[PDB]
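A.B. asks: Handing you this structure, nothing more for now.
2 protein chains.
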Amino acid sequence: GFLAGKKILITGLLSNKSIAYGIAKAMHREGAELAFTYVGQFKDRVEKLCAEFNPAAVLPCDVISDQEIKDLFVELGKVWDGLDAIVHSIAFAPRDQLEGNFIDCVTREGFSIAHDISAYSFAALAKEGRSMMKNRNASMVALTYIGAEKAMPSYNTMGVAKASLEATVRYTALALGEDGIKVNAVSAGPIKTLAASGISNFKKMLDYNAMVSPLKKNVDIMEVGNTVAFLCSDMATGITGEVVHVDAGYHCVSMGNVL
Amino acid sequence: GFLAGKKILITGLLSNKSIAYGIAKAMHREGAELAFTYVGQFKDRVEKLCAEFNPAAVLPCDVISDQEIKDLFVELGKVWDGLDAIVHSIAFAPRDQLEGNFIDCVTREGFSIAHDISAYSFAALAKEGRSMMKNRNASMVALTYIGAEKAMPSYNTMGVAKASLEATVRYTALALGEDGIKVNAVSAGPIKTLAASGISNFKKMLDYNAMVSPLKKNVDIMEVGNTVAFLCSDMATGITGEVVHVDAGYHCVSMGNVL
Ligand SMILES: NC(=O)c1ccc[n+]([C@@H]2O[C@H](COP(=O)([O-])OP(=O)(O)OC[C@H]3O[C@@H](n4cnc5c(N)ncnc54)[C@H](O)[C@@H]3O)[C@@H](O)[C@H]2O)c1
Ligand SMILES: NC(=O)c1ccc[n+]([C@@H]2O[C@H](COP(=O)([O-])OP(=O)(O)OC[C@H]3O[C@@H](n4cnc5c(N)ncnc54)[C@H](O)[C@@H]3O)[C@@H](O)[C@H]2O)c1
Ligand SMILES: c1cc2c(cc1Cn1cnc3cc4c(cc31)CCCC4)OCO2
Ligand SMILES: c1cc2c(cc1Cn1cnc3cc4c(cc31)CCCC4)OCO2
Ligand code: NA
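Each protein sequence line maps, in turn, to chains B and A.
Going by PDB author numbering, the first sequence opens with residue 2, and the numbers climb by one from there.
Going by PDB author numbering, the second sequence opens with residue 2, and the numbers climb by one from there.
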C-alpha cells in the first residue's frame, strides 16, 4: 500500500455515508494506521463504525474547544511518536444559515459559528499537531466545496466559510511548508451524507450535477477518499496549497446543452 | 500496482531528464503497459531510452502532421484492442518567441506554430484516439505551466499557447466525458530538461522557485510522474477538466519574505 506505516488522524467520521468513511476505507486499504475523533454524544456510534479499521485511538474532539484540541494531541502523542497526516472533514453552520436568501438569513452569530467550526478549526488542528508532524513529509487535507468560489442558492453562509477555509489552507501551507508539511484541499461534488439531511431538494442538486458534469455522474465517497489518500502519500510531495476538484468535472463547465 | 494492465501511450520522451521519463518510470512501477512516440530524427535515441520499460510499441509521431497522428492509432490498434490513456508531454515554439519583450518578439508565424504543436496537438490526439478509449474509464493528461495563468518574463508566446492548451483540456473534457474519458493537466514547476536548454538563467528561475515556494525545494520528474500516473488510475475517476499544480506550492503564494 502507498500509505504503509503512515499514522493518520481522521476527523469527521459520523456514519457509513460520511466522506470520512470513504477516506478511511481508502487509507486502510493502502496500509495506513488510523486514529479517529468524535464529538461528545457520538462516542459509541463512532467506535462501532471505525472498529473495522483497526484504529490506534478513538478520541473526543469538539473543535469549538481549544482545550479538547490540545488534549487530542496529548493523548495521541501517548500512542504515536510522530504524526504523518491530519484529515479535516468537519463543517457546521446553524440550520437557519442555510436556506433562502443569503442576506435575509445571514446573522452575525451564525456567520461566526460557521467560520469557527468550518475554517478556524483547520488552523487549530495545524497549530496543535505541528510538533508531531515536523520533518516527515507530513500532510494535511481539508474537505471543501465549490460554493467557496461561486455564489450558489442555499449554501449561503457555508459558502463564505468554505472560502475562509480555502484561504486558511493556503496560509497554513505557507506556514508549515518549512517543516516539510504539505497542505491541500479536496473540493467534492455533492454527496448524500448526513450533511445533506437538512437540505430540501438535495437530490435535485445531485441530479443537476450528473446532468451538467462532463462525466455524467455523481462522485462517491471512494472517489473522494482515494484522492485524499493520494494527497497524504510520498507521491504527492510536490503538491501543496492546492484545491483538487473531485466533482465529475462540474467545476470546469458553464451552462451546457440542457438549459 | 494501481495501473496494472492499463495500456498507456506516452509522448514527449526525449532524454532521461524528460518529464515523460519520470511519467514512464512511475507508470512502469505501477504495472502499466506502455507505448512511446518520437519525432523523426530521434528514433534510435528514444528506442534506447524506453527499452527498460518493455514498450509494446515505439512509433513515429510528429504532431505537425494529421497523417502521422492518424497512422499512430492505426499501428497502435494492431497491438492493442483498446487504449487506457494518452499522456501529452509535448511543447514547441521557435527560439525567437522565447526571450525578451513579448511584443517585440511575438510573430504571426511563431504564434501559430507554438499553438499548433503545444495546444492543437492535444485535441488532435484526442480526436484520433477517441474510438480506442471509449468506455473503459480512459484518461488523458497534458503537461502545462503557470505561464498560462500569469504574465512571466521570457515565457512569452509559450505562455499564451499553454493558456490555449488548458482551455483545450477543458473542452476536451467536456467533449469526451460521455465516453467515460477523463481529461486533466498537470502544471509542473520548472525542471532542468532539454526544454530548458535554450533559456539562459534557467537556473535562477529554479533558485527563485525554491526560495519562494512553501516547500522550499524544486519539484522533480518523479513528483510530476507520480501525479500523472495517479490521474490515469481508477482512483481519479471523479477528476476531469482539472489542473493540478505540482510545483512545491509556488502557485499559491504572492511576494514571500525575501523581496
Ligand atoms: N456532502 C456533500 O455534499 C459535500 C460536498 C463538498 C464538501 N463536503 C465537506 O465534507 C466534510 C465532511 O462532510 P460530510 O458530507 O461527510 O457530512 P457528515 O455530516 O458526515 O460530516 C461532517 C462532520 O463534521 C462534524 N462536526 C460538526 N461540528 C463539529 C465540531 N464542532 N467538532 C468536530 N466535528 C464536527 C460532524 O460530527 C460530522 O462528523 C465537510 O467539510 C463538508 O463541507 C461535503
Ligand atoms: N521543464 C520545465 O521547466 C517544465 C515546466 C512546466 C511544464 N513543462 C512541460 O512538459 C512537457 C514536456 O517537456 P520537458 O520539459 O520534459 O522537455 P523535453 O524537451 O524533454 O520534452 C518536450 C517534448 O516535446 C516534443 N516535441 C517537440 N515538437 C514536437 C512535435 N512536433 N511532435 C511531437 N513531439 C514534439 C519533443 O520532441 C520532446 O520530446 C511540455 O508540455 C512542457 O511545456 C516543463
Ligand atoms: C452541497 C451543496 C449545496 C448545499 C449543501 C451541500 C452539502 N454540504 C456541503 N458542505 C456542507 C457543509 C455543511 C452542511 C452541508 C454541506 C450542513 C450543515 C453543516 C455544514 O446547499 C446548497 O448547495
Ligand atoms: C519554464 C519557465 C520559463 C521559461 C521556460 C520554461 C521551461 N519550459 C516549460 N514549458 C516549456 C515549453 C517549451 C520550452 C520551454 C519550456 C522551449 C521551447 C519549446 C516549448 O521561459 C521563461 O520562464
Ligand atoms: Na475551552
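Ideal Cβ placement from N, Cα and C applies to all residues, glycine included.
Checking 8 Å against the spacing of the C-beta atoms, do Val170 of chain A and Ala186 of chain A come in under that value?
C.D. replies: Residue mapping note: residue 170 of chain A aligns to position 169 of the second sequence, counting from 1. Residue mapping note: residue 186 of chain A aligns to position 185 of the second sequence, counting from 1. For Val170 of chain A and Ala186 of chain A, yes; Cβs fall inside 8 Å.
A.B. asks: Pull out every residue of the segment 19-44 of chain A whose Cβ sits closer than 7 Å to any Cβ of chain B, in chain order.
C.D. replies: The residues in question: there are none.
A.B. asks: Checking 8 Å against the spacing of the C-beta atoms, do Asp235 of chain A and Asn102 of chain A come in under that value?
C.D. replies: For the purposes of this step, residue 235 of chain A is taken as residue 234 along the second sequence, with counting starting at 1. For the purposes of this step, residue 102 of chain A is taken as residue 101 along the second sequence, with counting starting at 1. Not a contact, by the Cβ cut-off of 8 Å.
A.B. asks: Cβ-heavy atom distance between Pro191 of chain A and ligand 4 below 7 Å?
C.D. replies: The residue you call residue 191 of chain A lines up with position 190 of the second sequence. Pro191 of chain A: yes, Cβ under 7 Å from ligand 4.
A.B. asks: To the nearest angstrom, how far is the alpha carbon of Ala125 of chain B from that of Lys128 of chain A?
C.D. replies: Numbered from 1 along the first sequence, position 124 holds the residue referred to as residue 125 of chain B. Numbered from 1 along the second sequence, position 127 holds the residue referred to as residue 128 of chain A. If I take the Cα positions, the gap works out to 49 Å.
A.B. asks: What is the chain-ordered set of residues for which the beta carbon lies under 6 Å from any non-hydrogen atom of ligand 5?
C.D. replies: My final list is B:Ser66, B:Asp67, B:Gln68.
A.B. asks: With respect to 7 Å, is the separation between the Cβ of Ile91 of chain B and the closest non-hydrogen atom of ligand 1 below this value?
C.D. replies: The sequence position of residue 91 of chain B within the first sequence is 90, counting from 1. For ligand 1, at least one heavy atom lies less than 7 Å from the Cβ of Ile91 of chain B.
A.B. asks: Got a sec, what are the start and stop residues for the beta strand (DSSP E) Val184 of chain B sits in?
C.D. replies: Residue 184 of chain B sits at position 183 when you count from the first residue of the first sequence. Note, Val184 of chain B: beta strand (DSSP E), 183-189.
A.B. asks: Measuring from the CB of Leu35 of chain A, is there a heavy atom of ligand 3 at a distance below 7 Å?
C.D. replies: Within the second sequence, residue 35 of chain A is the residue found at index 34, counting from 1. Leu35 of chain A Cβ: outside cutoff for every heavy atom of ligand 3.
A.B. asks: So with Cβ pairs under 8 Å, would you call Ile240 of chain B a contact of chain A?
C.D. replies: Taking the first residue of the first sequence as position 1, residue 240 of chain B is located at position 239. For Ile240 of chain B, the answer is yes, since a Cβ of chain A falls inside 8 Å of its Cβ.
A.B. asks: Taking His29 of chain A as the reference, which of A:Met153, A:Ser155, A:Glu243, A:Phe231 has the closest Cα?
C.D. replies: Mapped onto the second sequence, residue 29 of chain A falls at position 28. Nearest of A:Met153, A:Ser155, A:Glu243, A:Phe231 to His29 of chain A, Cα basis: A:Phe231.
A.B. asks: I want to see whether chain A comes within less than 8 Å of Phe231 of chain B, judged by CB atoms only; does it?
C.D. replies: Here residue 231 of chain B refers to the residue found at position 230 of the first sequence. Yes, because at least one Cβ of chain A sits closer than 8 Å to the Cβ of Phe231 of chain B.
A.B. asks: Taking all protein chains shown into account, do 16 or more other C-beta atoms lie within 10 angstroms of the C-beta of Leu260 of chain A, making it buried, or fewer, making it exposed?
C.D. replies: If you number the second sequence from 1, residue 260 of chain A lands on position 259. Exposed.
A.B. asks: Applying the 10 Å Cβ sphere with the 16-neighbour rule, what's the burial state of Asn219 of chain B?
C.D. replies: Reading the first sequence from its first residue, position 218 is the one you call residue 219 of chain B. So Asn219 of chain B counts as buried.
A.B. asks: Please confirm if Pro56 of chain B has its CB atom under 8 Å from at least one CB of chain A.
C.D. replies: Mapped onto the first sequence, residue 56 of chain B falls at position 55. No, because no Cβ of chain A sits closer than 8 Å to the Cβ of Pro56 of chain B.
A.B. asks: Do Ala33 of chain A and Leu4 of chain A have their beta-carbon atoms positioned less than 8 Å apart in this structure?
C.D. replies: The residue labelled residue 4 of chain A in the question sits at position 3 within the second sequence. The residue labelled residue 33 of chain A in the question sits at position 32 within the second sequence. In contact: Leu4 of chain A and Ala33 of chain A (Cβ atoms closer than 8 Å).
A.B. asks: Listing by chain order, which chain A residues have their CB less than 7 Å from the CB of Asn227 of chain B?
C.D. replies: As a first step, residue 227 of chain B is located in the first sequence; it is residue number 226 there, counting from the start. Those are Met236, listed as they occur along chain A.
A.B. asks: Would the beta-carbon of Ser155 of chain A be found less than 7 Å away from any heavy atom of ligand 4?
C.D. replies: Position 154 of the second sequence, counted from the first residue, corresponds to residue 155 of chain A. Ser155 of chain A Cβ: within cutoff of ligand 4.
A.B. asks: Which residues of the segment 245-259 of chain A have a Cβ closer than 8 Å to any Cβ of chain B? Give them in chain order.
C.D. replies: Against chain B - using a Cβ distance shorter than 8 Å - the residues of the segment 245-259 of chain A are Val245, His246, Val247, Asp248, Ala249, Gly250, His252, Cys253, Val254.
A.B. asks: For the alpha helix (DSSP H) that contains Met134 of chain A, what are its first and last residues?
C.D. replies: Mapped onto the second sequence, residue 134 of chain A falls at position 133. Its alpha helix (DSSP H) spans residues 122-134.
A.B. asks: Taking C-beta pairs closer than 9 Å, name the residues in chain A that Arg137 of chain B reaches, listed in chain order.
C.D. replies: On the first sequence, residue 137 of chain B is found 136 positions in, with the first residue counted as 1. Under the 9 Å cutoff, chain A gives no residues; its nearest Cβ is about 14 Å from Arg137 of chain B.
A.B. asks: Run through chain B and tell me which residues come within less than 8 Å of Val220 of chain A, C-beta to C-beta.
C.D. replies: Walking along the second sequence from the start, residue 220 of chain A turns up at place 219. In chain order: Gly239.
A.B. asks: Taking the alpha-carbon of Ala21 of chain A as reference, which of A:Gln98, A:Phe54, A:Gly6 has the nearest alpha-carbon?
C.D. replies: Position 20 of the second sequence, counted from the first residue, corresponds to residue 21 of chain A. For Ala21 of chain A, the nearest C-alpha among the options comes from A:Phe54.
A.B. asks: Counting only the same chain and skipping the five closest in sequence on each side, list residues whose C-beta sits under 6 Å from that of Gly250 of chain A.
C.D. replies: Sequence index remark: in the second sequence, residue 250 of chain A carries index 249 (1-based). Hits under 6 Å: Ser214, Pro215, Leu216.
A.B. asks: Find out if the Cβ-Cβ distance for the pair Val225 of chain B, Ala189 of chain B is shorter than 8 Å.
C.D. replies: For this step, residue 225 of chain B is matched to residue 224 along the first sequence. For this step, residue 189 of chain B is matched to residue 188 along the first sequence. A contact, by the Cβ cut-off of 8 Å.
A.B. asks: Would you decide whether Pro191 of chain B is buried or exposed? Buried here means 16 or more other CB atoms lie within 10 Å of its CB.
C.D. replies: Looking up residue 191 of chain B in the first sequence gives position 190. Buried, by the Cβ-count rule.
A.B. asks: Does any C-beta atom of chain B lie closer than 8 Å to the C-beta of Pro191 of chain A?
C.D. replies: Here residue 191 of chain A refers to the residue found at position 190 when the second sequence is read from its first residue. Cβ-Cβ to chain B under 8 Å: no for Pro191 of chain A.
A.B. asks: Measuring CA to CA, which of B:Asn202, B:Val59, B:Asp180, B:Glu110 is closest to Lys44 of chain B?
C.D. replies: For the purposes of this step, residue 44 of chain B is taken as the residue at position 43 of the first sequence. It is B:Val59 whose Cα lies nearest to the Cα of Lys44 of chain B.
A.B. asks: So, is the C-beta of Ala174 of chain A closer than 8 Å to a C-beta in chain B?
C.D. replies: What you label residue 174 of chain A is simply residue 173 of the second sequence in a count that begins at 1. It does: the Cβ of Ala174 of chain A has a partner Cβ on chain B nearer than 8 Å.
A.B. asks: Report the option in A:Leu99, A:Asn136, A:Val229, A:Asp82 whose CA atom is closest to the CA atom of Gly148 of chain A.
C.D. replies: In the second sequence, the residue the question calls residue 148 of chain A occupies position 147. Looking at the Cα atoms, A:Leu99 is the closest of the given residues.
A.B. asks: Spell out the partners DSSP gives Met236 of chain A in its beta bridges.
C.D. replies: For the purposes of this step, residue 236 of chain A is identified with residue 235 of the second sequence, where counting begins at 1. Answer is none; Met236 of chain A lacks a bridge partner.
A.B. asks: Indicate, with yes or no, if ligand 3 has a heavy atom lying under 7 Å from the CB of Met206 of chain B.
C.D. replies: Residue numbering aside, residue 206 of chain B sits at position 205 when the first sequence is read from its first letter. Result yes, Cβ under 7 Å from ligand 3.
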